[PDB]
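Raw input-v4.cif, mmCIF, N, CA and C atoms; chains and numbers go by the auth columns:
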```
data_run
loop_
_atom_site.group_PDB
_atom_site.id
_atom_site.type_symbol
_atom_site.label_atom_id
_atom_site.label_comp_id
_atom_site.label_asym_id
_atom_site.label_seq_id
_atom_site.Cartn_x
_atom_site.Cartn_y
_atom_site.Cartn_z
_atom_site.B_iso_or_equiv
_atom_site.auth_seq_id
_atom_site.auth_asym_id
ATOM 1 N N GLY A 1 0.835 -1.228 0.000 0.00 220 A
ATOM 2 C CA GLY A 1 0.000 0.000 0.000 0.00 220 A
ATOM 3 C C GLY A 1 0.852 1.253 0.000 0.00 220 A
ATOM 4 N N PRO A 2 0.229 2.443 -0.005 0.00 221 A
ATOM 5 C CA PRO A 2 0.932 3.746 -0.088 0.00 221 A
ATOM 6 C C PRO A 2 1.879 4.064 1.087 0.00 221 A
ATOM 7 N N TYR A 3 2.081 3.118 2.004 0.00 222 A
ATOM 8 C CA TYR A 3 2.968 3.315 3.166 0.00 222 A
ATOM 9 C C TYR A 3 4.377 3.745 2.731 0.00 222 A
ATOM 10 N N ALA A 4 4.665 5.059 2.798 0.00 223 A
ATOM 11 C CA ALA A 4 5.911 5.627 2.258 0.00 223 A
ATOM 12 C C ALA A 4 6.056 5.202 0.804 0.00 223 A
ATOM 13 N N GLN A 5 4.907 5.186 0.167 0.00 224 A
ATOM 14 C CA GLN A 5 4.687 4.660 -1.165 0.00 224 A
ATOM 15 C C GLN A 5 3.711 5.607 -1.860 0.00 224 A
ATOM 16 N N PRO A 6 3.213 5.317 -3.096 0.00 225 A
ATOM 17 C CA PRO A 6 2.490 6.293 -3.927 0.00 225 A
ATOM 18 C C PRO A 6 1.684 7.328 -3.133 0.00 225 A
ATOM 19 N N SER A 7 1.991 8.581 -3.464 0.00 226 A
ATOM 20 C CA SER A 7 1.787 9.753 -2.609 0.00 226 A
ATOM 21 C C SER A 7 0.396 9.954 -2.024 0.00 226 A
ATOM 22 N N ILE A 8 0.393 10.734 -0.936 0.00 227 A
ATOM 23 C CA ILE A 8 -0.818 11.225 -0.297 0.00 227 A
ATOM 24 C C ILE A 8 -1.728 11.918 -1.316 0.00 227 A
ATOM 25 N N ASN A 9 -2.799 11.230 -1.679 0.00 228 A
ATOM 26 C CA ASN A 9 -3.830 11.805 -2.537 0.00 228 A
ATOM 27 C C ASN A 9 -5.227 11.501 -1.983 0.00 228 A
ATOM 28 N N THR A 10 -5.921 12.555 -1.554 0.00 229 A
ATOM 29 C CA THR A 10 -7.302 12.454 -1.061 0.00 229 A
ATOM 30 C C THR A 10 -7.456 11.423 0.081 0.00 229 A
ATOM 31 N N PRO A 11 -6.537 11.393 1.058 0.00 230 A
ATOM 32 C CA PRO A 11 -6.525 10.376 2.086 0.00 230 A
ATOM 33 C C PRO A 11 -7.005 10.868 3.453 0.00 230 A
ATOM 34 N N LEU A 12 -7.469 9.935 4.267 0.00 231 A
ATOM 35 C CA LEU A 12 -7.833 10.231 5.644 0.00 231 A
ATOM 36 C C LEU A 12 -6.564 10.443 6.468 0.00 231 A
ATOM 37 N N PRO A 13 -6.622 11.288 7.518 0.00 232 A
ATOM 38 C CA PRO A 13 -5.436 11.656 8.312 0.00 232 A
ATOM 39 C C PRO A 13 -4.661 10.440 8.817 0.00 232 A
ATOM 40 N N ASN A 14 -3.352 10.420 8.523 0.00 233 A
ATOM 41 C CA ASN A 14 -2.470 9.300 8.869 0.00 233 A
ATOM 42 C C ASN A 14 -2.896 8.041 8.112 0.00 233 A
ATOM 43 N N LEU A 15 -2.242 7.737 6.989 0.00 234 A
ATOM 44 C CA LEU A 15 -2.728 6.705 6.114 0.00 234 A
ATOM 45 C C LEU A 15 -1.644 5.687 5.974 0.00 234 A
ATOM 46 N N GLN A 16 -0.619 6.153 5.329 0.00 235 A
ATOM 47 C CA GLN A 16 0.412 5.337 4.834 0.00 235 A
ATOM 48 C C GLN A 16 1.565 5.271 5.808 0.00 235 A
ATOM 49 N N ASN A 17 2.456 6.230 5.733 0.00 236 A
ATOM 50 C CA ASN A 17 3.486 6.323 6.750 0.00 236 A
ATOM 51 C C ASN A 17 2.864 7.029 7.936 0.00 236 A
ATOM 52 N N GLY A 18 2.076 8.044 7.613 0.00 237 A
ATOM 53 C CA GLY A 18 1.210 8.668 8.582 0.00 237 A
ATOM 54 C C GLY A 18 1.292 10.167 8.486 0.00 237 A
ATOM 55 N N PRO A 19 2.471 10.721 8.761 0.00 238 A
ATOM 56 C CA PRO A 19 2.771 12.115 8.569 0.00 238 A
ATOM 57 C C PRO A 19 3.556 12.327 7.298 0.00 238 A
ATOM 58 N N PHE A 20 3.669 13.557 6.907 0.00 239 A
ATOM 59 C CA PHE A 20 4.676 13.923 5.949 0.00 239 A
ATOM 60 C C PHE A 20 5.375 15.165 6.422 0.00 239 A
ATOM 61 N N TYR A 21 6.245 15.665 5.601 0.00 240 A
ATOM 62 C CA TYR A 21 6.891 16.917 5.861 0.00 240 A
ATOM 63 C C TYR A 21 6.519 17.826 4.729 0.00 240 A
ATOM 64 N N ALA A 22 6.609 19.109 4.924 0.00 241 A
ATOM 65 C CA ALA A 22 6.395 20.022 3.827 0.00 241 A
ATOM 66 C C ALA A 22 7.277 21.233 4.002 0.00 241 A
ATOM 67 N N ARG A 23 8.143 21.469 3.038 0.00 242 A
ATOM 68 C CA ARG A 23 8.988 22.628 3.077 0.00 242 A
ATOM 69 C C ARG A 23 8.194 23.838 2.666 0.00 242 A
ATOM 70 N N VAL A 24 8.025 24.711 3.615 0.00 243 A
ATOM 71 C CA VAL A 24 7.342 25.949 3.389 0.00 243 A
ATOM 72 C C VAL A 24 8.249 26.908 2.643 0.00 243 A
ATOM 73 N N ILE A 25 7.918 27.189 1.395 0.00 244 A
ATOM 74 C CA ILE A 25 8.743 28.112 0.638 0.00 244 A
ATOM 75 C C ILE A 25 8.258 29.541 0.820 0.00 244 A
ATOM 76 N N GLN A 26 7.027 29.706 1.317 0.00 245 A
ATOM 77 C CA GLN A 26 6.498 31.031 1.667 0.00 245 A
ATOM 78 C C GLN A 26 5.417 30.944 2.731 0.00 245 A
ATOM 79 N N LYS A 27 5.746 31.402 3.927 0.00 246 A
ATOM 80 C CA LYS A 27 4.774 31.505 5.001 0.00 246 A
ATOM 81 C C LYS A 27 4.900 32.840 5.712 0.00 246 A
ATOM 82 N N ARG A 28 3.909 33.125 6.526 0.00 247 A
ATOM 83 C CA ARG A 28 3.915 34.273 7.408 0.00 247 A
ATOM 84 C C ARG A 28 4.487 33.798 8.730 0.00 247 A
ATOM 85 N N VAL A 29 4.932 34.694 9.596 0.00 248 A
ATOM 86 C CA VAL A 29 5.327 34.273 10.927 0.00 248 A
ATOM 87 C C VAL A 29 4.224 34.643 11.932 0.00 248 A
ATOM 88 N N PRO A 30 3.269 33.723 12.101 0.00 249 A
ATOM 89 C CA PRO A 30 2.106 33.877 12.941 0.00 249 A
ATOM 90 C C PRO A 30 2.203 33.123 14.254 0.00 249 A
ATOM 91 N N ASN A 31 1.242 33.357 15.123 0.00 250 A
ATOM 92 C CA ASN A 31 1.128 32.566 16.326 0.00 250 A
ATOM 93 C C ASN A 31 -0.096 31.672 16.287 0.00 250 A
ATOM 94 N N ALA A 32 -0.103 30.728 17.200 0.00 251 A
ATOM 95 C CA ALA A 32 -1.136 29.705 17.277 0.00 251 A
ATOM 96 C C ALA A 32 -2.465 30.269 17.774 0.00 251 A
ATOM 97 N N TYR A 33 -2.446 31.495 18.281 0.00 252 A
ATOM 98 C CA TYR A 33 -3.677 32.153 18.691 0.00 252 A
ATOM 99 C C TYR A 33 -4.389 32.719 17.465 0.00 252 A
ATOM 100 N N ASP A 34 -3.629 32.872 16.396 0.00 253 A
ATOM 101 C CA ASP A 34 -4.154 33.308 15.111 0.00 253 A
ATOM 102 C C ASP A 34 -4.720 32.119 14.383 0.00 253 A
ATOM 103 N N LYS A 35 -6.011 31.869 14.578 0.00 254 A
ATOM 104 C CA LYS A 35 -6.565 30.572 14.281 0.00 254 A
ATOM 105 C C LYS A 35 -5.769 29.576 15.090 0.00 254 A
ATOM 106 N N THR A 36 -4.814 28.948 14.445 0.00 255 A
ATOM 107 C CA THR A 36 -3.824 28.148 15.136 0.00 255 A
ATOM 108 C C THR A 36 -2.449 28.289 14.495 0.00 255 A
ATOM 109 N N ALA A 37 -2.314 29.281 13.628 0.00 256 A
ATOM 110 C CA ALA A 37 -1.280 29.334 12.581 0.00 256 A
ATOM 111 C C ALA A 37 0.135 28.849 12.954 0.00 256 A
ATOM 112 N N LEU A 38 0.697 28.044 12.031 0.00 257 A
ATOM 113 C CA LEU A 38 2.098 27.595 12.070 0.00 257 A
ATOM 114 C C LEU A 38 3.061 28.767 12.034 0.00 257 A
ATOM 115 N N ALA A 39 3.900 28.893 13.046 0.00 258 A
ATOM 116 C CA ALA A 39 4.939 29.908 13.024 0.00 258 A
ATOM 117 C C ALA A 39 6.185 29.380 12.325 0.00 258 A
ATOM 118 N N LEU A 40 6.320 29.706 11.046 0.00 259 A
ATOM 119 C CA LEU A 40 7.473 29.281 10.263 0.00 259 A
ATOM 120 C C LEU A 40 7.661 30.204 9.069 0.00 259 A
ATOM 121 N N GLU A 41 8.816 30.129 8.432 0.00 260 A
ATOM 122 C CA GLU A 41 9.183 31.078 7.415 0.00 260 A
ATOM 123 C C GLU A 41 9.654 30.328 6.181 0.00 260 A
ATOM 124 N N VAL A 42 10.122 31.063 5.211 0.00 261 A
ATOM 125 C CA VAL A 42 10.621 30.494 3.981 0.00 261 A
ATOM 126 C C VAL A 42 11.866 29.637 4.182 0.00 261 A
ATOM 127 N N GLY A 43 11.767 28.378 3.775 0.00 262 A
ATOM 128 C CA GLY A 43 12.912 27.506 3.774 0.00 262 A
ATOM 129 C C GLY A 43 12.837 26.509 4.893 0.00 262 A
ATOM 130 N N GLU A 44 11.772 26.605 5.666 0.00 263 A
ATOM 131 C CA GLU A 44 11.615 25.787 6.841 0.00 263 A
ATOM 132 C C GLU A 44 10.839 24.526 6.503 0.00 263 A
ATOM 133 N N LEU A 45 10.767 23.609 7.444 0.00 264 A
ATOM 134 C CA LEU A 45 10.055 22.368 7.231 0.00 264 A
ATOM 135 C C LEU A 45 9.064 22.141 8.347 0.00 264 A
ATOM 136 N N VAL A 46 7.992 21.455 8.023 0.00 265 A
ATOM 137 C CA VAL A 46 6.963 21.169 8.986 0.00 265 A
ATOM 138 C C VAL A 46 6.627 19.703 8.878 0.00 265 A
ATOM 139 N N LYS A 47 5.978 19.171 9.876 0.00 266 A
ATOM 140 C CA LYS A 47 5.467 17.834 9.777 0.00 266 A
ATOM 141 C C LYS A 47 3.962 17.917 9.960 0.00 266 A
ATOM 142 N N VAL A 48 3.265 17.810 8.851 0.00 267 A
ATOM 143 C CA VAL A 48 1.837 17.968 8.849 0.00 267 A
ATOM 144 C C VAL A 48 1.190 16.706 9.415 0.00 267 A
ATOM 145 N N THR A 49 0.760 16.810 10.663 0.00 268 A
ATOM 146 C CA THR A 49 0.176 15.705 11.394 0.00 268 A
ATOM 147 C C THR A 49 -1.222 15.412 10.866 0.00 268 A
ATOM 148 N N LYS A 50 -1.804 16.419 10.239 0.00 269 A
ATOM 149 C CA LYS A 50 -3.147 16.367 9.767 0.00 269 A
ATOM 150 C C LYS A 50 -3.124 16.303 8.250 0.00 269 A
ATOM 151 N N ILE A 51 -3.575 15.209 7.667 0.00 270 A
ATOM 152 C CA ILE A 51 -3.544 15.091 6.217 0.00 270 A
ATOM 153 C C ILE A 51 -4.968 15.124 5.675 0.00 270 A
ATOM 154 N N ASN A 52 -5.141 15.645 4.469 0.00 271 A
ATOM 155 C CA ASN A 52 -6.475 15.828 3.914 0.00 271 A
ATOM 156 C C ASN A 52 -6.458 15.747 2.390 0.00 271 A
ATOM 157 N N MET A 53 -7.608 16.027 1.793 0.00 272 A
ATOM 158 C CA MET A 53 -7.811 15.880 0.359 0.00 272 A
ATOM 159 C C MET A 53 -7.289 17.075 -0.443 0.00 272 A
ATOM 160 N N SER A 54 -7.640 18.269 -0.009 0.00 273 A
ATOM 161 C CA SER A 54 -7.460 19.468 -0.819 0.00 273 A
ATOM 162 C C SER A 54 -6.102 20.126 -0.602 0.00 273 A
ATOM 163 N N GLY A 55 -5.332 19.624 0.352 0.00 274 A
ATOM 164 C CA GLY A 55 -4.030 20.200 0.601 0.00 274 A
ATOM 165 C C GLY A 55 -4.073 21.274 1.667 0.00 274 A
ATOM 166 N N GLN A 56 -5.218 21.433 2.318 0.00 275 A
ATOM 167 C CA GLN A 56 -5.344 22.440 3.361 0.00 275 A
ATOM 168 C C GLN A 56 -5.319 21.750 4.712 0.00 275 A
ATOM 169 N N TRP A 57 -4.123 21.466 5.189 0.00 276 A
ATOM 170 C CA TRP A 57 -3.957 20.659 6.374 0.00 276 A
ATOM 171 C C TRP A 57 -3.476 21.469 7.557 0.00 276 A
ATOM 172 N N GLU A 58 -3.237 20.766 8.651 0.00 277 A
ATOM 173 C CA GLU A 58 -2.739 21.366 9.852 0.00 277 A
ATOM 174 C C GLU A 58 -1.309 20.943 10.046 0.00 277 A
ATOM 175 N N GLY A 59 -0.422 21.889 10.209 0.00 278 A
ATOM 176 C CA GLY A 59 0.963 21.554 10.396 0.00 278 A
ATOM 177 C C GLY A 59 1.310 21.489 11.844 0.00 278 A
ATOM 178 N N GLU A 60 2.384 20.814 12.132 0.00 279 A
ATOM 179 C CA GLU A 60 2.946 20.844 13.447 0.00 279 A
ATOM 180 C C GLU A 60 4.443 20.964 13.273 0.00 279 A
ATOM 181 N N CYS A 61 5.002 22.041 13.769 0.00 280 A
ATOM 182 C CA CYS A 61 6.405 22.304 13.562 0.00 280 A
ATOM 183 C C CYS A 61 7.102 22.473 14.883 0.00 280 A
ATOM 184 N N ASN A 62 7.678 21.372 15.353 0.00 281 A
ATOM 185 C CA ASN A 62 8.447 21.352 16.584 0.00 281 A
ATOM 186 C C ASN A 62 7.709 22.091 17.692 0.00 281 A
ATOM 187 N N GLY A 63 6.414 21.810 17.778 0.00 282 A
ATOM 188 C CA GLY A 63 5.593 22.349 18.830 0.00 282 A
ATOM 189 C C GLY A 63 4.655 23.455 18.391 0.00 282 A
ATOM 190 N N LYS A 64 4.823 23.979 17.185 0.00 283 A
ATOM 191 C CA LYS A 64 3.824 24.879 16.644 0.00 283 A
ATOM 192 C C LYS A 64 2.797 24.093 15.849 0.00 283 A
ATOM 193 N N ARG A 65 1.553 24.489 15.970 0.00 284 A
ATOM 194 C CA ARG A 65 0.457 23.858 15.259 0.00 284 A
ATOM 195 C C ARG A 65 -0.137 24.896 14.321 0.00 284 A
ATOM 196 N N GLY A 66 -1.085 24.512 13.484 0.00 285 A
ATOM 197 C CA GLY A 66 -1.855 25.491 12.753 0.00 285 A
ATOM 198 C C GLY A 66 -2.450 24.873 11.529 0.00 285 A
ATOM 199 N N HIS A 67 -2.933 25.677 10.608 0.00 286 A
ATOM 200 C CA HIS A 67 -3.449 25.144 9.361 0.00 286 A
ATOM 201 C C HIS A 67 -3.130 26.081 8.205 0.00 286 A
ATOM 202 N N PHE A 68 -2.486 25.534 7.192 0.00 287 A
ATOM 203 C CA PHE A 68 -2.062 26.309 6.031 0.00 287 A
ATOM 204 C C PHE A 68 -2.206 25.479 4.759 0.00 287 A
ATOM 205 N N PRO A 69 -2.667 26.106 3.661 0.00 288 A
ATOM 206 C CA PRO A 69 -2.946 25.411 2.401 0.00 288 A
ATOM 207 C C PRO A 69 -1.688 24.989 1.636 0.00 288 A
ATOM 208 N N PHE A 70 -1.912 24.207 0.582 0.00 289 A
ATOM 209 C CA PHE A 70 -0.846 23.672 -0.265 0.00 289 A
ATOM 210 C C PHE A 70 -0.268 24.768 -1.174 0.00 289 A
ATOM 211 N N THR A 71 -0.844 25.956 -1.071 0.00 290 A
ATOM 212 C CA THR A 71 -0.589 27.058 -1.986 0.00 290 A
ATOM 213 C C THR A 71 0.866 27.534 -1.992 0.00 290 A
ATOM 214 N N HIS A 72 1.623 27.180 -0.964 0.00 291 A
ATOM 215 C CA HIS A 72 2.984 27.685 -0.817 0.00 291 A
ATOM 216 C C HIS A 72 3.802 26.752 0.061 0.00 291 A
ATOM 217 N N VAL A 73 3.637 25.457 -0.180 0.00 292 A
ATOM 218 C CA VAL A 73 4.411 24.432 0.499 0.00 292 A
ATOM 219 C C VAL A 73 4.840 23.343 -0.485 0.00 292 A
ATOM 220 N N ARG A 74 5.919 22.645 -0.161 0.00 293 A
ATOM 221 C CA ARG A 74 6.416 21.555 -0.993 0.00 293 A
ATOM 222 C C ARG A 74 6.492 20.277 -0.184 0.00 293 A
ATOM 223 N N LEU A 75 5.643 19.331 -0.500 0.00 294 A
ATOM 224 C CA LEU A 75 5.445 18.191 0.370 0.00 294 A
ATOM 225 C C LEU A 75 6.452 17.080 0.153 0.00 294 A
ATOM 226 N N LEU A 76 6.944 16.641 1.284 0.00 295 A
ATOM 227 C CA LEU A 76 7.895 15.574 1.416 0.00 295 A
ATOM 228 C C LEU A 76 7.180 14.276 1.760 0.00 295 A
ATOM 229 N N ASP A 77 6.248 13.970 0.892 0.00 296 A
ATOM 230 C CA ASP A 77 5.337 12.818 0.961 0.00 296 A
ATOM 231 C C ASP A 77 5.921 11.572 1.649 0.00 296 A
ATOM 232 N N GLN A 78 5.147 11.022 2.591 0.00 297 A
ATOM 233 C CA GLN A 78 5.495 9.782 3.303 0.00 297 A
ATOM 234 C C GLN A 78 4.288 8.841 3.337 0.00 297 A
#
```
Take the structure from the file and write it as structure tokens.
Amino acid sequence: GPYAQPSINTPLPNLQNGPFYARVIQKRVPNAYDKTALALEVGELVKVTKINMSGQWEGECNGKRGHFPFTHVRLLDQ
């Protein structure tokens, strides 16, 4: 199965390997009180604990949580 195998496409949270990473090539530096926004910047990496269909997931970055779309991230599919 897709376990660290054919990429996350339209899947329920934690499927294959479970998480992935996504290199944020453009983000804002927000706080988790802002919705829940991931505090990270360009060139950083996140581990999106929350996986979904449309690419609008929740990231978790070494203790920061939040939710940011696929619009400006590069996924390190697992």
Go through the shown structure with the PyMOL selection byres ((chain A and resi 280) around 7) and write out the matching residues as a compact mmCIF listing (two decimals) with N, CA and C atoms, keeping the file's coordinate frame.
```
# COMPACT_ATOMS: atom_id res chain seq x y z
N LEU A 257 0.70 28.04 12.03
CA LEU A 257 2.10 27.60 12.07
C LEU A 257 3.06 28.77 12.03
N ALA A 258 3.90 28.89 13.05
CA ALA A 258 4.94 29.91 13.02
C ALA A 258 6.18 29.38 12.32
N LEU A 264 10.77 23.61 7.44
CA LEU A 264 10.06 22.37 7.23
C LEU A 264 9.06 22.14 8.35
N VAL A 265 7.99 21.46 8.02
CA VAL A 265 6.96 21.17 8.99
C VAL A 265 6.63 19.70 8.88
N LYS A 266 5.98 19.17 9.88
CA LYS A 266 5.47 17.83 9.78
C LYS A 266 3.96 17.92 9.96
N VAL A 267 3.26 17.81 8.85
CA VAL A 267 1.84 17.97 8.85
C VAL A 267 1.19 16.71 9.41
N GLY A 278 -0.42 21.89 10.21
CA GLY A 278 0.96 21.55 10.40
C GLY A 278 1.31 21.49 11.84
N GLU A 279 2.38 20.81 12.13
CA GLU A 279 2.95 20.84 13.45
C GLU A 279 4.44 20.96 13.27
N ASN A 281 7.68 21.37 15.35
CA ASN A 281 8.45 21.35 16.58
C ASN A 281 7.71 22.09 17.69
N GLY A 282 6.41 21.81 17.78
CA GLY A 282 5.59 22.35 18.83
C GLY A 282 4.66 23.46 18.39
N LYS A 283 4.82 23.98 17.18
CA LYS A 283 3.82 24.88 16.64
C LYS A 283 2.80 24.09 15.85
N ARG A 284 1.55 24.49 15.97
CA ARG A 284 0.46 23.86 15.26
C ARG A 284 -0.14 24.90 14.32
N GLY A 285 -1.08 24.51 13.48
CA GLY A 285 -1.86 25.49 12.75
C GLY A 285 -2.45 24.87 11.53
```
Would you give the centre and edge lengths, in Å to one decimal, of a box along x, y and z around the listed atoms of range 224-241 of chain A, with 4 Å added to each side, as AutoDock Vina command-line options?
```
--center_x -0.3 --center_y 12.9 --center_z 2.5 --size_x 23.1 --size_y 24.6 --size_z 20.8
```
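Take atom N of residue 294 in chain A and atom N of residue 241 in chain A: the distance between them is 5.5 Å.
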**OP:** Excluding residue 229 in chain A and residues on its chain fewer than 6 positions from it, collect all residues at most 12 Å away from it, counting only C-alpha atoms, and give them as JSON, numbers by chain.
**Re:** {"A": [270, 271, 272, 273, 274, 275, 276]}
Subject >> Contacts of residue 256 in chain A at 6 Å (all atoms listed in the file; same-chain gap of 4+ positions) as number ranges by chain >> reply: A: 249-252, 284-286
Written as an mmCIF file with N, CA and C atoms, keeping the file's coordinate frame, what is the full residue list that the PyMOL selection byres (((chain A and resi 292 and name CA) around 9) and name CA) yields on the file shown?
```cif
data_model
loop_
_atom_site.group_PDB
_atom_site.id
_atom_site.type_symbol
_atom_site.label_atom_id
_atom_site.label_comp_id
_atom_site.auth_asym_id
_atom_site.auth_seq_id
_atom_site.Cartn_x
_atom_site.Cartn_y
_atom_site.Cartn_z
ATOM 1 N N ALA A 241 6.609 19.109 4.924
ATOM 2 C CA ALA A 241 6.395 20.022 3.827
ATOM 3 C C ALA A 241 7.277 21.233 4.002
ATOM 4 N N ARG A 242 8.143 21.469 3.038
ATOM 5 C CA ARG A 242 8.988 22.628 3.077
ATOM 6 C C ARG A 242 8.194 23.838 2.666
ATOM 7 N N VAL A 243 8.025 24.711 3.615
ATOM 8 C CA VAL A 243 7.342 25.949 3.389
ATOM 9 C C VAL A 243 8.249 26.908 2.643
ATOM 10 N N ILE A 244 7.918 27.189 1.395
ATOM 11 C CA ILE A 244 8.743 28.112 0.638
ATOM 12 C C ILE A 244 8.258 29.541 0.820
ATOM 13 N N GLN A 245 7.027 29.706 1.317
ATOM 14 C CA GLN A 245 6.498 31.031 1.667
ATOM 15 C C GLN A 245 5.417 30.944 2.731
ATOM 16 N N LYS A 246 5.746 31.402 3.927
ATOM 17 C CA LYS A 246 4.774 31.505 5.001
ATOM 18 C C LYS A 246 4.900 32.840 5.712
ATOM 19 N N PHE A 287 -2.486 25.534 7.192
ATOM 20 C CA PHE A 287 -2.062 26.309 6.031
ATOM 21 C C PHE A 287 -2.206 25.479 4.759
ATOM 22 N N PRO A 288 -2.667 26.106 3.661
ATOM 23 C CA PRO A 288 -2.946 25.411 2.401
ATOM 24 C C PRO A 288 -1.688 24.989 1.636
ATOM 25 N N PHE A 289 -1.912 24.207 0.582
ATOM 26 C CA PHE A 289 -0.846 23.672 -0.265
ATOM 27 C C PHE A 289 -0.268 24.768 -1.174
ATOM 28 N N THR A 290 -0.844 25.956 -1.071
ATOM 29 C CA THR A 290 -0.589 27.058 -1.986
ATOM 30 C C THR A 290 0.866 27.534 -1.992
ATOM 31 N N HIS A 291 1.623 27.180 -0.964
ATOM 32 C CA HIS A 291 2.984 27.685 -0.817
ATOM 33 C C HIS A 291 3.802 26.752 0.061
ATOM 34 N N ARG A 293 5.919 22.645 -0.161
ATOM 35 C CA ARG A 293 6.416 21.555 -0.993
ATOM 36 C C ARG A 293 6.492 20.277 -0.184
ATOM 37 N N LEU A 294 5.643 19.331 -0.500
ATOM 38 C CA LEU A 294 5.445 18.191 0.370
ATOM 39 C C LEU A 294 6.452 17.080 0.153
#
```
**OP:** Can you give me, as an NGL selection string, the residues this file yields under the PyMOL selection byres (((chain A and resi 297 and name CA) around 12) and name CA)?
**Re:** :A and (220-228 or 233-241 or 266-268 or 270 or 294-296)
Original post:
Could you write out, as a list in words, all the residues of chain A that DSSP marks as strand (DSSP E or B)?
Top reply: residues 239, 240, 241, 242, 243, 263, 264, 265, 266, 267, 268, 269, 276, 277, 278, 279, 280, 283, 284, 285, 286, 287, 292, 293, 294 and 295 of chain A
Original post:
Which value, in Å to one decimal, gives the distance between atom C of residue 231 in chain A and atom N of residue 277 in chain A?
Top reply: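 Separation between atom C of residue 231 in chain A and atom N of residue 277 in chain A: 11.1 Å.
The interatomic distance for the pair atom C of residue 230 in chain A and atom C of residue 269 in chain A works out to 8.2 Å.
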Would you save range 250-289 of chain A from the block above with C-alpha atoms, as a CSV table (one decimal), in the first residue's frame?
```
chain,number,residue,atom,x,y,z
A,250,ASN,CA,1.1,32.6,16.3
A,251,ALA,CA,-1.1,29.7,17.3
A,252,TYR,CA,-3.7,32.2,18.7
A,253,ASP,CA,-4.2,33.3,15.1
A,254,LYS,CA,-6.6,30.6,14.3
A,255,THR,CA,-3.8,28.1,15.1
A,256,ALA,CA,-1.3,29.3,12.6
A,257,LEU,CA,2.1,27.6,12.1
A,258,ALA,CA,4.9,29.9,13.0
A,259,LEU,CA,7.5,29.3,10.3
A,260,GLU,CA,9.2,31.1,7.4
A,261,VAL,CA,10.6,30.5,4.0
A,262,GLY,CA,12.9,27.5,3.8
A,263,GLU,CA,11.6,25.8,6.8
A,264,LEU,CA,10.1,22.4,7.2
A,265,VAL,CA,7.0,21.2,9.0
A,266,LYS,CA,5.5,17.8,9.8
A,267,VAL,CA,1.8,18.0,8.8
A,268,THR,CA,0.2,15.7,11.4
A,269,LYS,CA,-3.1,16.4,9.8
A,270,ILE,CA,-3.5,15.1,6.2
A,271,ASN,CA,-6.5,15.8,3.9
A,272,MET,CA,-7.8,15.9,0.4
A,273,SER,CA,-7.5,19.5,-0.8
A,274,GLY,CA,-4.0,20.2,0.6
A,275,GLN,CA,-5.3,22.4,3.4
A,276,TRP,CA,-4.0,20.7,6.4
A,277,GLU,CA,-2.7,21.4,9.9
A,278,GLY,CA,1.0,21.6,10.4
A,279,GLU,CA,2.9,20.8,13.4
A,280,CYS,CA,6.4,22.3,13.6
A,281,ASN,CA,8.4,21.4,16.6
A,282,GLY,CA,5.6,22.3,18.8
A,283,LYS,CA,3.8,24.9,16.6
A,284,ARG,CA,0.5,23.9,15.3
A,285,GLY,CA,-1.9,25.5,12.8
A,286,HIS,CA,-3.4,25.1,9.4
A,287,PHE,CA,-2.1,26.3,6.0
A,288,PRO,CA,-2.9,25.4,2.4
A,289,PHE,CA,-0.8,23.7,-0.3
```
